[PDB]
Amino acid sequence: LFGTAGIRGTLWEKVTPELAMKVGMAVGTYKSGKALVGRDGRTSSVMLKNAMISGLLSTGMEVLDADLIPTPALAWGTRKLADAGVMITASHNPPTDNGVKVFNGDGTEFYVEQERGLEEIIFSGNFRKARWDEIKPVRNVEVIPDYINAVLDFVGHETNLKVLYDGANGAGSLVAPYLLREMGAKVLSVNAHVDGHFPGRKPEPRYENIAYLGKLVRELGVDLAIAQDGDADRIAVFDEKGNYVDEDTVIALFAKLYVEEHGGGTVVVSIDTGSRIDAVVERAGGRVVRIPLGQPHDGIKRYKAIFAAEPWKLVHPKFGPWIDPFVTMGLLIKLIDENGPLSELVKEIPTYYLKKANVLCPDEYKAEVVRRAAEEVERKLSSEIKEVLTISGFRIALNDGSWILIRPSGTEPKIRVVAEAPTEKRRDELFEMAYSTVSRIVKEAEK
């Protein structure tokens, strides 16, 4: 059931009312006391929330119903109010899809160990049943105003910046515009009316889904563009010139800020974030530990990290251990007002050049093909190896700051192939090697 980022899938195939009721029933067998429930704007979300609540109620848990809320606010509100938290969302997936994310009473997403717990209870049907006289009444709660205040107290900044905010027709529309305006920003919102058909654009704030914003920034005269996904756990940014600031740069900006403050410390990033981060962290005298994509919070506990991130998701541990783009965009505005325009701050981040691509493989082979292709690429680059990470596929780092990721995704039946180098010519050289080496090996096992 759980992938890397919760339970996610297409309606009727994987995600059903029946399952959502099973997950509530399992959350109230594994955990007890109070459950904070929230949902995103998808057409199926109220249907799945009513199932979830039916499930949670059946176990004797007191349900606190927050209804339509961004995921971060559900994580924050869970810490403040509840013993467990449940979010109805498929985040960045199309409107055919929904899912469930589960949170603990400290605001952290479920650990791998806790997910397997919940699945064992679902597979067994061994659910805690309340007596009739232990079934607690639902309590409606209003979290967004408290969340917005907690984010303004944390950020401690006033602005006059003009800001373009793109809400993907999602839960961020009920929080980001108001937060920015409270800070004294002049907000021009796009896709900031909540709509589960995602009429504005595909909700995932990939560059190709939000490219129009770069043009909007120049015409409008804004200091900064901010885009989100449907449950607003992601953040994407454009500068005052309408340049897309890519995800590694956004992370590098904060990785530098955090390490320089502390005069050092551990930063934790995903296996698939690049050398912009190692570059600015080492120069300022801290270190980088890489972990699998999915659990940026996990790294904080293990490595005592001051900052953790994956592409589009930063964690601000002094605020709390959830991905918090509301903190992120608040602090990005403080960075600009305190140091000058965003395009000049991105110049102080070194250029690397990434090139990724999927290369299709059956799920039966997947793992064999990666293991055999990592060995071959290592051998061909043996003169240049700095380190091989094995924690999530194979990340091969080279002496000059280049690296290759060869990794199977947990879901789709294919292999992820990333290469990054300090030059375009070498981005191309290494990507070709990695791509074609995987391509050729795939078609071997396929005959």
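Position 1 is the first residue in the sequence shown; the rest follow in order.
A.B. asks: Which is higher on mean Cα B factor in this entry, 375-383 or 59-67?
C.D. replies: Averaged over C-alpha atoms, the B-factors run higher in 375-383.
A.B. asks: Got a sec? Mean C-alpha B-factor, which is higher, 438-446 or 4-12?
C.D. replies: Between 4-12 and 438-446, it is 438-446.
A.B. asks: Could you check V418, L389, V37, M47 and tell me which one carries the biggest Cα B-factor in the deposited entry?
C.D. replies: Result of the comparison over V418, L389, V37, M47: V418.
A.B. asks: Highest Cα temperature factor in the entry, among the options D133, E109, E364, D233: which one is it?
C.D. replies: Checking the PDB record, the top C-alpha B-factor among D133, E109, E364, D233 is at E364.
A.B. asks: Once the chain's modelled residues are ordered by C-alpha B factor and cut into thirds, is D239 in the lowest, middle or highest one?
C.D. replies: Ranked within chain, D239 CA B lands in the middle tercile.
A.B. asks: Considering every modelled residue of the chain and its Cα B-factor in the PDB entry, is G41 in the lowest, middle or highest third?
C.D. replies: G41: CA B-factor falls in the lowest third of its chain.
A.B. asks: Would you please rank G264 by its C-alpha temperature factor against the other modelled residues of its chain and give the third it falls in: lowest, middle or highest?
C.D. replies: It falls in the top third of the chain.
A.B. asks: What third of the chain, by the recorded C-alpha B-factor, contains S343?
C.D. replies: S343: CA B-factor falls in the middle third of its chain.
A.B. asks: Relative to the other modelled residues of the same chain, rank the CA B-factor of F307 and answer lowest, middle or highest third.
C.D. replies: For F307, the deposited C-alpha B-factor lands in the middle third.
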